[PDB]
file start.pdb (PDB, C-alpha atoms)
ATOM      1  CA  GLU X   2     -73.350  71.248  42.134
ATOM      2  CA  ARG X   3     -69.528  70.899  42.810
ATOM      3  CA  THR X   4     -68.038  74.404  42.175
ATOM      4  CA  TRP X   5     -64.872  74.113  44.321
ATOM      5  CA  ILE X   6     -61.356  73.950  42.813
ATOM      6  CA  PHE X   7     -60.050  71.360  45.332
ATOM      7  CA  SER X   8     -62.076  68.701  47.101
ATOM      8  CA  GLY X   9     -60.752  67.255  50.358
ATOM      9  CA  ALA X  10     -59.850  64.044  48.481
ATOM     10  CA  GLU X  11     -57.789  66.049  45.961
ATOM     11  CA  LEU X  12     -55.974  68.001  48.706
ATOM     12  CA  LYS X  13     -55.123  64.672  50.421
ATOM     13  CA  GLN X  14     -53.807  63.343  47.050
ATOM     14  CA  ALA X  15     -51.761  66.562  46.582
ATOM     15  CA  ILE X  16     -50.073  66.036  50.001
ATOM     16  CA  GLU X  17     -49.313  62.442  48.908
ATOM     17  CA  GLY X  18     -47.659  63.732  45.691
ATOM     18  CA  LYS X  19     -50.476  62.459  43.410
ATOM     19  CA  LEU X  20     -52.076  65.751  42.194
ATOM     20  CA  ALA X  21     -49.861  66.862  39.305
ATOM     21  CA  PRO X  22     -51.883  65.165  36.524
ATOM     22  CA  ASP X  23     -50.848  67.645  33.746
ATOM     23  CA  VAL X  24     -47.098  67.074  34.598
ATOM     24  CA  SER X  25     -45.507  64.290  32.486
ATOM     25  CA  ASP X  26     -42.098  64.455  34.307
ATOM     26  CA  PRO X  27     -41.724  61.791  37.056
ATOM     27  CA  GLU X  28     -39.985  62.634  40.406
ATOM     28  CA  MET X  29     -41.078  66.242  39.662
ATOM     29  CA  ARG X  30     -44.811  65.366  39.798
ATOM     30  CA  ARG X  31     -44.105  65.173  43.571
ATOM     31  CA  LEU X  32     -42.624  68.704  43.824
ATOM     32  CA  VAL X  33     -45.551  70.367  41.940
ATOM     33  CA  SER X  34     -48.145  68.233  43.794
ATOM     34  CA  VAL X  35     -46.903  69.114  47.320
ATOM     35  CA  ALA X  36     -46.390  72.788  46.213
ATOM     36  CA  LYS X  37     -50.158  72.841  45.468
ATOM     37  CA  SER X  38     -51.085  71.318  48.826
ATOM     38  CA  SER X  39     -48.753  73.626  50.787
ATOM     39  CA  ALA X  40     -50.030  76.722  48.964
ATOM     40  CA  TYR X  41     -53.766  75.774  49.239
ATOM     41  CA  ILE X  42     -53.348  75.198  52.997
ATOM     42  CA  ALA X  43     -51.387  78.497  53.259
ATOM     43  CA  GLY X  44     -54.263  80.418  51.632
ATOM     44  CA  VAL X  45     -56.744  79.130  54.199
ATOM     45  CA  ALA X  46     -54.289  79.392  57.130
ATOM     46  CA  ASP X  47     -53.247  82.999  56.283
ATOM     47  CA  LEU X  48     -56.873  84.141  55.780
ATOM     48  CA  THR X  49     -58.209  82.598  59.033
ATOM     49  CA  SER X  50     -55.141  83.310  61.276
ATOM     50  CA  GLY X  51     -56.199  84.933  64.590
ATOM     51  CA  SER X  52     -59.910  84.238  63.943
ATOM     52  CA  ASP X  53     -60.495  80.472  63.451
ATOM     53  CA  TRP X  54     -57.039  79.341  64.663
ATOM     54  CA  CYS X  55     -54.281  81.025  66.689
ATOM     55  CA  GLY X  56     -50.485  80.843  67.037
ATOM     56  CA  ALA X  57     -49.350  81.411  63.410
ATOM     57  CA  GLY X  58     -46.063  82.917  64.637
ATOM     58  CA  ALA X  59     -45.115  79.689  66.534
ATOM     59  CA  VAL X  60     -46.060  77.002  63.930
ATOM     60  CA  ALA X  61     -43.841  75.793  61.052
ATOM     61  CA  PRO X  62     -45.533  75.159  57.661
ATOM     62  CA  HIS X  63     -44.705  71.380  57.805
ATOM     63  CA  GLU X  64     -46.745  71.185  61.096
ATOM     64  CA  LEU X  65     -49.806  72.641  59.297
ATOM     65  CA  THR X  66     -49.536  69.995  56.528
ATOM     66  CA  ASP X  67     -49.162  67.232  59.134
ATOM     67  CA  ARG X  68     -52.273  68.322  61.088
ATOM     68  CA  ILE X  69     -54.359  68.736  57.878
ATOM     69  CA  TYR X  70     -53.215  65.335  56.520
ATOM     70  CA  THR X  71     -54.141  63.632  59.830
ATOM     71  CA  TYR X  72     -57.551  65.336  59.750
ATOM     72  CA  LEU X  73     -58.258  64.453  56.079
ATOM     73  CA  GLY X  74     -57.330  60.827  56.936
ATOM     74  CA  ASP X  75     -60.179  61.004  59.556
ATOM     75  CA  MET X  76     -62.851  62.059  57.016
ATOM     76  CA  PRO X  77     -65.274  59.683  55.290
ATOM     77  CA  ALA X  78     -65.642  59.797  51.480
ATOM     78  CA  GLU X  79     -68.764  62.051  51.584
ATOM     79  CA  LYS X  80     -66.913  64.822  53.536
ATOM     80  CA  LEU X  81     -63.767  64.416  51.309
ATOM     81  CA  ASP X  82     -65.911  65.134  48.204
ATOM     82  CA  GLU X  83     -66.765  68.596  49.628
ATOM     83  CA  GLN X  84     -64.521  71.658  49.307
ATOM     84  CA  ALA X  85     -61.046  71.153  50.817
ATOM     85  CA  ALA X  86     -60.754  74.680  52.319
ATOM     86  CA  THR X  87     -63.552  74.192  54.936
ATOM     87  CA  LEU X  88     -61.797  70.964  56.020
ATOM     88  CA  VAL X  89     -58.465  72.843  56.364
ATOM     89  CA  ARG X  90     -60.246  75.449  58.539
ATOM     90  CA  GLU X  91     -61.749  72.647  60.698
ATOM     91  CA  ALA X  92     -58.313  70.988  61.051
ATOM     92  CA  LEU X  93     -56.676  74.276  62.076
ATOM     93  CA  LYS X  94     -59.475  75.139  64.528
ATOM     94  CA  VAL X  95     -59.290  71.782  66.421
ATOM     95  CA  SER X  96     -55.438  71.738  66.290
ATOM     96  CA  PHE X  97     -54.711  75.404  67.214
ATOM     97  CA  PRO X  98     -57.842  76.902  68.810
ATOM     98  CA  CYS X  99     -58.108  80.598  69.702
ATOM     99  CA  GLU X 100     -58.926  81.402  73.386
ATOM    100  CA  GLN X 101     -62.754  82.128  73.361
TER     101      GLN X 101
ATOM    102  CA  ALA F   1     -41.109  89.140  63.674
ATOM    103  CA  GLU F   2     -44.576  90.778  63.300
ATOM    104  CA  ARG F   3     -45.124  88.882  60.022
ATOM    105  CA  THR F   4     -46.750  85.436  60.632
ATOM    106  CA  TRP F   5     -48.244  84.870  57.162
ATOM    107  CA  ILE F   6     -46.891  82.247  54.721
ATOM    108  CA  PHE F   7     -47.472  84.415  51.604
ATOM    109  CA  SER F   8     -47.364  88.193  51.426
ATOM    110  CA  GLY F   9     -49.182  89.932  48.579
ATOM    111  CA  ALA F  10     -45.783  90.704  46.973
ATOM    112  CA  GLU F  11     -44.861  86.999  47.051
ATOM    113  CA  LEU F  12     -48.223  85.960  45.548
ATOM    114  CA  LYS F  13     -47.723  88.535  42.739
ATOM    115  CA  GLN F  14     -44.207  87.090  42.121
ATOM    116  CA  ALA F  15     -45.679  83.539  42.092
ATOM    117  CA  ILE F  16     -48.233  84.549  39.391
ATOM    118  CA  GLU F  17     -45.302  85.969  37.379
ATOM    119  CA  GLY F  18     -43.531  82.565  37.621
ATOM    120  CA  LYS F  19     -40.865  83.751  40.122
ATOM    121  CA  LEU F  20     -41.504  82.121  43.552
ATOM    122  CA  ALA F  21     -39.597  78.834  43.620
ATOM    123  CA  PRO F  22     -35.968  79.831  44.345
ATOM    124  CA  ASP F  23     -34.708  76.284  45.241
ATOM    125  CA  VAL F  24     -35.867  75.007  41.760
ATOM    126  CA  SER F  25     -32.994  75.257  39.226
ATOM    127  CA  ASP F  26     -34.649  74.258  35.875
ATOM    128  CA  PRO F  27     -36.181  77.549  34.593
ATOM    129  CA  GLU F  28     -39.388  76.035  33.050
ATOM    130  CA  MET F  29     -39.884  73.964  36.255
ATOM    131  CA  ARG F  30     -39.412  77.104  38.420
ATOM    132  CA  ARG F  31     -42.218  78.794  36.411
ATOM    133  CA  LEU F  32     -44.479  75.701  36.624
ATOM    134  CA  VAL F  33     -43.985  75.345  40.438
ATOM    135  CA  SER F  34     -44.413  79.127  40.960
ATOM    136  CA  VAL F  35     -47.768  79.390  39.100
ATOM    137  CA  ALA F  36     -48.890  76.074  40.741
ATOM    138  CA  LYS F  37     -48.370  77.841  44.125
ATOM    139  CA  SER F  38     -50.236  80.982  43.061
ATOM    140  CA  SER F  39     -53.184  79.040  41.593
ATOM    141  CA  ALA F  40     -53.447  76.809  44.674
ATOM    142  CA  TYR F  41     -53.137  79.703  47.221
ATOM    143  CA  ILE F  42     -55.896  81.613  45.373
ATOM    144  CA  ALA F  43     -57.984  78.378  45.221
ATOM    145  CA  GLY F  44     -57.766  77.975  49.016
ATOM    146  CA  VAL F  45     -59.153  81.456  49.585
ATOM    147  CA  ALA F  46     -61.670  81.235  46.694
ATOM    148  CA  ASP F  47     -63.053  77.828  47.817
ATOM    149  CA  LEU F  48     -63.355  78.905  51.484
ATOM    150  CA  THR F  49     -65.154  82.213  50.733
ATOM    151  CA  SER F  50     -67.322  80.982  47.778
ATOM    152  CA  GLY F  51     -70.990  82.014  48.245
ATOM    153  CA  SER F  52     -70.165  84.374  51.153
ATOM    154  CA  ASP F  53     -67.567  86.991  50.064
ATOM    155  CA  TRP F  54     -67.775  86.308  46.299
ATOM    156  CA  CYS F  55     -70.279  84.500  44.055
ATOM    157  CA  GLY F  56     -70.274  82.771  40.652
ATOM    158  CA  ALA F  57     -67.877  79.836  41.298
ATOM    159  CA  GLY F  58     -69.928  77.625  38.921
ATOM    160  CA  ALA F  59     -69.591  80.086  35.963
ATOM    161  CA  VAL F  60     -66.135  81.739  36.426
ATOM    162  CA  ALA F  61     -63.039  79.899  35.100
ATOM    163  CA  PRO F  62     -59.979  79.559  37.400
ATOM    164  CA  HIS F  63     -57.807  81.682  35.001
ATOM    165  CA  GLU F  64     -60.348  84.589  35.438
ATOM    166  CA  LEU F  65     -59.736  84.509  39.230
ATOM    167  CA  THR F  66     -55.942  84.765  38.697
ATOM    168  CA  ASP F  67     -56.426  87.620  36.201
ATOM    169  CA  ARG F  68     -58.606  89.657  38.614
ATOM    170  CA  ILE F  69     -56.230  89.015  41.586
ATOM    171  CA  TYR F  70     -53.162  89.982  39.504
ATOM    172  CA  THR F  71     -54.866  93.253  38.422
ATOM    173  CA  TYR F  72     -55.814  93.957  42.057
ATOM    174  CA  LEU F  73     -52.294  93.241  43.420
ATOM    175  CA  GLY F  74     -50.954  95.593  40.694
ATOM    176  CA  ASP F  75     -53.226  98.301  42.280
ATOM    177  CA  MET F  76     -51.636  97.975  45.762
ATOM    178  CA  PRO F  77     -48.761 100.011  47.206
ATOM    179  CA  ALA F  78     -45.640  98.207  48.474
ATOM    180  CA  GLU F  79     -46.562  98.505  52.207
ATOM    181  CA  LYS F  80     -49.982  96.830  51.601
ATOM    182  CA  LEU F  81     -48.307  94.068  49.442
ATOM    183  CA  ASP F  82     -46.125  93.234  52.497
ATOM    184  CA  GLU F  83     -49.320  92.162  54.349
ATOM    185  CA  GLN F  84     -50.872  88.688  54.076
ATOM    186  CA  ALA F  85     -51.810  87.713  50.499
ATOM    187  CA  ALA F  86     -55.072  85.878  51.436
ATOM    188  CA  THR F  87     -57.034  88.965  52.591
ATOM    189  CA  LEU F  88     -55.961  90.717  49.346
ATOM    190  CA  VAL F  89     -57.296  87.715  47.351
ATOM    191  CA  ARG F  90     -60.593  87.941  49.283
ATOM    192  CA  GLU F  91     -60.786  91.712  48.541
ATOM    193  CA  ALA F  92     -60.080  91.105  44.835
ATOM    194  CA  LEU F  93     -62.768  88.402  44.621
ATOM    195  CA  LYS F  94     -65.323  90.506  46.501
ATOM    196  CA  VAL F  95     -64.972  93.582  44.205
ATOM    197  CA  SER F  96     -64.730  91.419  41.029
ATOM    198  CA  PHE F  97     -67.509  88.848  41.726
ATOM    199  CA  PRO F  98     -69.795  90.291  44.425
ATOM    200  CA  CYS F  99     -72.663  88.326  45.982
ATOM    201  CA  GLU F 100     -76.324  89.593  46.287
TER     202      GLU F 100
END
call {"tool": "encode", "arguments": {"input": "start.pdb", "output": "structure tokens"}}
result
Amino acid sequence: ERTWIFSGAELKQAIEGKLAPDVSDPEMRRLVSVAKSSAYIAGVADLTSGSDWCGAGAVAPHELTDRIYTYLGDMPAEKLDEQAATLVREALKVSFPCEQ
Amino acid sequence: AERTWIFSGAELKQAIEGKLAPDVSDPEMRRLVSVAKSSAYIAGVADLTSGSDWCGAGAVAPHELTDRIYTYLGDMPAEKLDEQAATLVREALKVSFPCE
């Protein structure tokens, strides 16, 4: 019943530099791994900007990764097995809420 | 600047083509990092919208998503490709793999 490309656990591993399994090079596993996490987060952040979270023009990419990493660190194993993107949306919404 | 998005459509199209990692000097590594970014950006959008904007995640291979998105971005004029990539990914997925 898993159909998602990244789980929360895998996105957390990507941020930590651990999600380039098909890369044999060392000390360039890290570059590919964090490129995946940054780009996955960017997909969710770009799509949801101005709807689920606000202030895209005043937030640096590194700040998005930091908030998401903190949030994923808060999640128990059952939530981290679910799709990563919903967790990114939740992190952005609590971090950078839109005025209701 | 009016632009707040991390990837434009033009940048996602360049990433799929292996040309969005300018601070990576080894050519093969530039290509690997670039396509890692495109795959992960698309995955963020695809995972978030699965079962709502597009359907079939269990049966469609990741490479098929990239192929449909690349075709779709190739359909867009330059002004539209300057907009956020994620909404273009959602549009590509919705026309390619519609729900109900």
call {"tool": "atom_distance", "arguments": {"input": "start.pdb", "atom1": "atom CA of residue 49 of chain X", "atom2": "atom CA of residue 19 of chain X"}}
result
26.6 Å
call {"tool": "residues_around", "arguments": {"input": "start.pdb", "residues": "segment 69-85 of chain X", "least_positions_apart": "5", "cutoff": "8 Å", "atoms": "all atoms listed in the file", "output": "number ranges by chain"}}
result
X: 3, 5-13, 16, 92-93; F: 44, 47-48
call {"tool": "closest_residue", "arguments": {"input": "start.pdb", "among": "X:89, X:20, X:45, X:57", "to": "residue 32 of chain X", "atoms": "only C-alpha atoms"}}
result
X:20
call {"tool": "interface_residues", "arguments": {"input": "start.pdb", "of": "chain F", "to": "chain X", "cutoff": "7 Å", "atoms": "all atoms listed in the file", "output": "PyMOL selection string"}}
result
chain F and resi 4-6+33+36-37+40-45+47-48+57-58+84+86-87
call {"tool": "write_last_selection", "arguments": {"input": "start.pdb", "atoms": "C-alpha atoms", "output": "short mmCIF file (atom, residue, chain, number, x, y, z; two decimals), in the frame of the given file"}}
result
data_model
loop_
_atom_site.label_atom_id
_atom_site.label_comp_id
_atom_site.auth_asym_id
_atom_site.auth_seq_id
_atom_site.Cartn_x
_atom_site.Cartn_y
_atom_site.Cartn_z
CA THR F 4 -46.75 85.44 60.63
CA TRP F 5 -48.24 84.87 57.16
CA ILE F 6 -46.89 82.25 54.72
CA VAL F 33 -43.98 75.34 40.44
CA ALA F 36 -48.89 76.07 40.74
CA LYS F 37 -48.37 77.84 44.12
CA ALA F 40 -53.45 76.81 44.67
CA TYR F 41 -53.14 79.70 47.22
CA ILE F 42 -55.90 81.61 45.37
CA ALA F 43 -57.98 78.38 45.22
CA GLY F 44 -57.77 77.97 49.02
CA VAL F 45 -59.15 81.46 49.58
CA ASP F 47 -63.05 77.83 47.82
CA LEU F 48 -63.36 78.90 51.48
CA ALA F 57 -67.88 79.84 41.30
CA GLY F 58 -69.93 77.62 38.92
CA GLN F 84 -50.87 88.69 54.08
CA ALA F 86 -55.07 85.88 51.44
CA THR F 87 -57.03 88.96 52.59
#
call {"tool": "atom_distance", "arguments": {"input": "start.pdb", "atom1": "atom CA of residue 74 of chain F", "atom2": "atom CA of residue 22 of chain F"}}
result
22.1 Å
call {"tool": "atom_distance", "arguments": {"input": "start.pdb", "atom1": "atom CA of residue 29 of chain F", "atom2": "atom CA of residue 30 of chain X"}}
result
10.5 Å
call {"tool": "closest_residue", "arguments": {"input": "start.pdb", "among": "F:7, F:34, F:98, F:56", "to": "residue 19 of chain F", "atoms": "all atoms listed in the file"}}
result
F:34
call {"tool": "closest_residue", "arguments": {"input": "start.pdb", "among": "F:10, F:46, F:27, F:94", "to": "residue 79 of chain F", "atoms": "all atoms listed in the file"}}
result
F:10
call {"tool": "resolve_selection", "arguments": {"input": "start.pdb", "expression": "the PyMOL selection byres ((chain F and resi 69) around 9)", "output": "list in words"}}
result
residues 13, 42, 64, 65, 66, 67, 68, 70, 71, 72, 73, 74, 88, 89, 90, 91, 92, 93 and 96 of chain F
call {"tool": "residues_around", "arguments": {"input": "start.pdb", "residues": "residue 12 of chain F", "least_positions_apart": "3", "cutoff": "6 Å", "atoms": "all atoms listed in the file", "output": "list in words"}}
result
residues 9, 15 and 38 of chain F
call {"tool": "closest_residue", "arguments": {"input": "start.pdb", "among": "X:22, X:91, X:28, X:96", "to": "residue 67 of chain X", "atoms": "all atoms listed in the file"}}
result
X:96
call {"tool": "resolve_selection", "arguments": {"input": "start.pdb", "expression": "the PyMOL selection byres ((chain X and resi 52) around 10)", "output": "list in words"}}
result
residues 48, 49, 50, 51, 53, 54, 55, 94, 98, 99 and 100 of chain X
call {"tool": "closest_residue", "arguments": {"input": "start.pdb", "among": "F:97, F:82, F:32, F:26", "to": "residue 59 of chain F", "atoms": "all atoms listed in the file"}}
result
F:97
call {"tool": "axis_aligned_box", "arguments": {"input": "start.pdb", "around": "segment 75-92 of chain X", "padding_each_side": "6 Å", "output": "lines of an AutoDock Vina configuration file"}}
result
center_x = -63.5
center_y = 67.6
center_z = 54.6
size_x = 22.5
size_y = 27.8
size_z = 24.8
call {"tool": "decode", "arguments": {"input": "start.pdb", "residues": "segment 27-89 of chain F", "atoms": "C-alpha atoms", "output": "PDB file, in the first residue's frame"}}
result
ATOM      1  CA  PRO F  27      30.744  16.622 -16.020  1.00  0.00           C
ATOM      2  CA  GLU F  28      29.250  13.156 -15.174  1.00  0.00           C
ATOM      3  CA  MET F  29      28.677  14.349 -11.560  1.00  0.00           C
ATOM      4  CA  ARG F  30      26.969  17.549 -12.831  1.00  0.00           C
ATOM      5  CA  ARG F  31      24.556  15.342 -14.850  1.00  0.00           C
ATOM      6  CA  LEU F  32      23.959  12.974 -11.891  1.00  0.00           C
ATOM      7  CA  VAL F  33      23.255  15.876  -9.441  1.00  0.00           C
ATOM      8  CA  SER F  34      21.061  17.679 -12.029  1.00  0.00           C
ATOM      9  CA  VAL F  35      18.769  14.675 -12.741  1.00  0.00           C
ATOM     10  CA  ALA F  36      18.743  13.853  -8.964  1.00  0.00           C
ATOM     11  CA  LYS F  37      17.272  17.375  -8.442  1.00  0.00           C
ATOM     12  CA  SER F  38      14.689  16.984 -11.210  1.00  0.00           C
ATOM     13  CA  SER F  39      13.574  13.523 -10.028  1.00  0.00           C
ATOM     14  CA  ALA F  40      13.308  14.678  -6.404  1.00  0.00           C
ATOM     15  CA  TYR F  41      11.444  17.965  -7.227  1.00  0.00           C
ATOM     16  CA  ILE F  42       8.920  15.997  -9.332  1.00  0.00           C
ATOM     17  CA  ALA F  43       8.651  13.390  -6.508  1.00  0.00           C
ATOM     18  CA  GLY F  44       7.745  16.114  -3.984  1.00  0.00           C
ATOM     19  CA  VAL F  45       4.868  17.318  -6.137  1.00  0.00           C
ATOM     20  CA  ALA F  46       3.830  13.786  -7.227  1.00  0.00           C
ATOM     21  CA  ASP F  47       3.800  12.408  -3.639  1.00  0.00           C
ATOM     22  CA  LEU F  48       1.851  15.408  -2.261  1.00  0.00           C
ATOM     23  CA  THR F  49      -0.852  15.355  -4.986  1.00  0.00           C
ATOM     24  CA  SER F  50      -1.134  11.519  -5.383  1.00  0.00           C
ATOM     25  CA  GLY F  51      -4.803  10.394  -5.266  1.00  0.00           C
ATOM     26  CA  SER F  52      -6.122  13.984  -5.547  1.00  0.00           C
ATOM     27  CA  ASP F  53      -4.742  15.679  -8.710  1.00  0.00           C
ATOM     28  CA  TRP F  54      -3.359  12.511 -10.364  1.00  0.00           C
ATOM     29  CA  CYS F  55      -3.905   8.771  -9.827  1.00  0.00           C
ATOM     30  CA  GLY F  56      -2.006   5.525 -10.483  1.00  0.00           C
ATOM     31  CA  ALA F  57       1.068   5.977  -8.218  1.00  0.00           C
ATOM     32  CA  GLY F  58       1.122   2.200  -7.524  1.00  0.00           C
ATOM     33  CA  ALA F  59       1.308   1.275 -11.269  1.00  0.00           C
ATOM     34  CA  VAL F  60       3.309   4.139 -12.908  1.00  0.00           C
ATOM     35  CA  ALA F  61       7.143   3.984 -12.797  1.00  0.00           C
ATOM     36  CA  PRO F  62       9.077   7.122 -11.712  1.00  0.00           C
ATOM     37  CA  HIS F  63      10.755   7.419 -15.187  1.00  0.00           C
ATOM     38  CA  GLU F  64       7.213   7.676 -16.762  1.00  0.00           C
ATOM     39  CA  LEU F  65       6.494  10.743 -14.563  1.00  0.00           C
ATOM     40  CA  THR F  66       9.723  12.444 -15.754  1.00  0.00           C
ATOM     41  CA  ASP F  67       8.897  11.600 -19.390  1.00  0.00           C
ATOM     42  CA  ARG F  68       5.379  13.117 -19.176  1.00  0.00           C
ATOM     43  CA  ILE F  69       6.651  16.261 -17.334  1.00  0.00           C
ATOM     44  CA  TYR F  70       9.479  16.755 -19.871  1.00  0.00           C
ATOM     45  CA  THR F  71       6.981  16.492 -22.780  1.00  0.00           C
ATOM     46  CA  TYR F  72       4.669  18.970 -21.015  1.00  0.00           C
ATOM     47  CA  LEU F  73       7.464  21.498 -20.270  1.00  0.00           C
ATOM     48  CA  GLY F  74       8.457  21.219 -23.970  1.00  0.00           C
ATOM     49  CA  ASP F  75       4.843  22.372 -24.756  1.00  0.00           C
ATOM     50  CA  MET F  76       5.151  25.616 -22.722  1.00  0.00           C
ATOM     51  CA  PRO F  77       6.172  29.062 -23.978  1.00  0.00           C
ATOM     52  CA  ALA F  78       9.146  30.840 -22.364  1.00  0.00           C
ATOM     53  CA  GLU F  79       7.000  33.226 -20.225  1.00  0.00           C
ATOM     54  CA  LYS F  80       5.087  30.267 -18.659  1.00  0.00           C
ATOM     55  CA  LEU F  81       8.418  28.358 -18.063  1.00  0.00           C
ATOM     56  CA  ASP F  82       9.585  31.378 -15.987  1.00  0.00           C
ATOM     57  CA  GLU F  83       6.774  30.602 -13.481  1.00  0.00           C
ATOM     58  CA  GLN F  84       7.098  28.081 -10.635  1.00  0.00           C
ATOM     59  CA  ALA F  85       7.937  24.544 -11.819  1.00  0.00           C
ATOM     60  CA  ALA F  86       5.710  22.729  -9.243  1.00  0.00           C
ATOM     61  CA  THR F  87       2.333  23.893 -10.637  1.00  0.00           C
ATOM     62  CA  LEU F  88       3.540  22.834 -14.126  1.00  0.00           C
ATOM     63  CA  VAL F  89       4.411  19.368 -12.710  1.00  0.00           C
TER      64      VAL F  89
END
